[PDB]
């Protein structure tokens, strides 16, 4: 079936949210979509079972719209080899790797378009604006990424304590652009966004540098509006999330046109209202 596509995603709320299937029915509740996750039997084995899960979120709603408009069906699965995508010893992992190695026709999720990825996969038009933002506690004076407190941290006593979540587009960018910053901040690497927010709130970190769209969402929902992004939610290295397709994919044209139609007809604003709004 040339109309039936293998599609990979990755959990990252509110773009992709994963829930357990009701075990009684083994059917996902209305408005969610089935998504499988390969779960290993043990650490010494390739043996595993696909677990039926249920996916929802801003990017899953885009997928549903694409499926209806472009007229494909799909099997959705969650990546288990890495996360968004990193090149390790010249081999892509994560969602990018699934597409490169032809296990997925497309990747749908909070997947940042960048130059290096665009060399190995095609990306759709951007469907969410993003880039790099910096989250701090309200009061913290940081001008931007170029702030000397980041670029030349050890000129300050005490030096600023700041980190990212390694292995994605943000870390790639800092590594490429700001060598001293990069090697300094590895000591403050956070295992994920939640750990980072806890580090901010408990005074273990002064700043968290990460994907702008997720940070804006987190700031928007922060209990008491204590955590904010610098500037008015300023974005360094503006880009977007895009759908990754195989190089020379036959689906790219129609996916691009459909996304642009969704923006143009108000559908994308509805989705932002549903998934991305915050009180702060």
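Residue numbers count along the first chain shown, from 1.
Participant: Got a sec? Mean C-alpha B-factor, which is higher, 127-135 or 155-163?
Facilitator: Per the PDB record, 155-163.
Participant: Read off the CA B-factors in the entry, average them over 5-13 and over 259-267, and name the higher stretch.
Facilitator: Of 259-267 and 5-13, the stretch with the higher C-alpha B-factor average is 259-267.
Participant: Going by the CA temperature factor in the entry, name the top one among 143, 169, 118, 93.
Facilitator: Result of the comparison over 143, 169, 118, 93: 143.
Participant: Which has the highest CA B-factor per the PDB entry: 238, 67, 254, 27?
Facilitator: 27 has the highest C-alpha B-factor of those listed.
Participant: Going by the CA temperature factor in the PDB record, which third of the chain does residue 201 belong to: lowest, middle or highest?
Facilitator: Highest third - that is where residue 201 ends up once the chain's C-alpha B-factors are sorted.
Participant: State the tercile, meaning the lowest, middle or highest third, of residue 86 with respect to the CA B-factors recorded for its chain.
Facilitator: Tercile = lowest for this residue's CA B-factor.
Participant: Relative to the other modelled residues in the chain, which third contains the C-alpha temperature factor of residue 212: lowest, middle or highest?
Facilitator: For residue 212, the deposited C-alpha B-factor lands in the lowest third.
Participant: Using only modelled residues of the chain, where does the Cα B factor of residue 75 rank: lowest third, middle third or highest third?
Facilitator: Middle third - that is where residue 75 ends up once the chain's C-alpha B-factors are sorted.
Participant: Taking the chain's C-alpha temperature factors as the reference, tell me which third residue 103 falls into: lowest, middle or highest.
Facilitator: For residue 103, whose C-alpha B-factor we compare with every modelled residue in the chain, the answer is the middle third.
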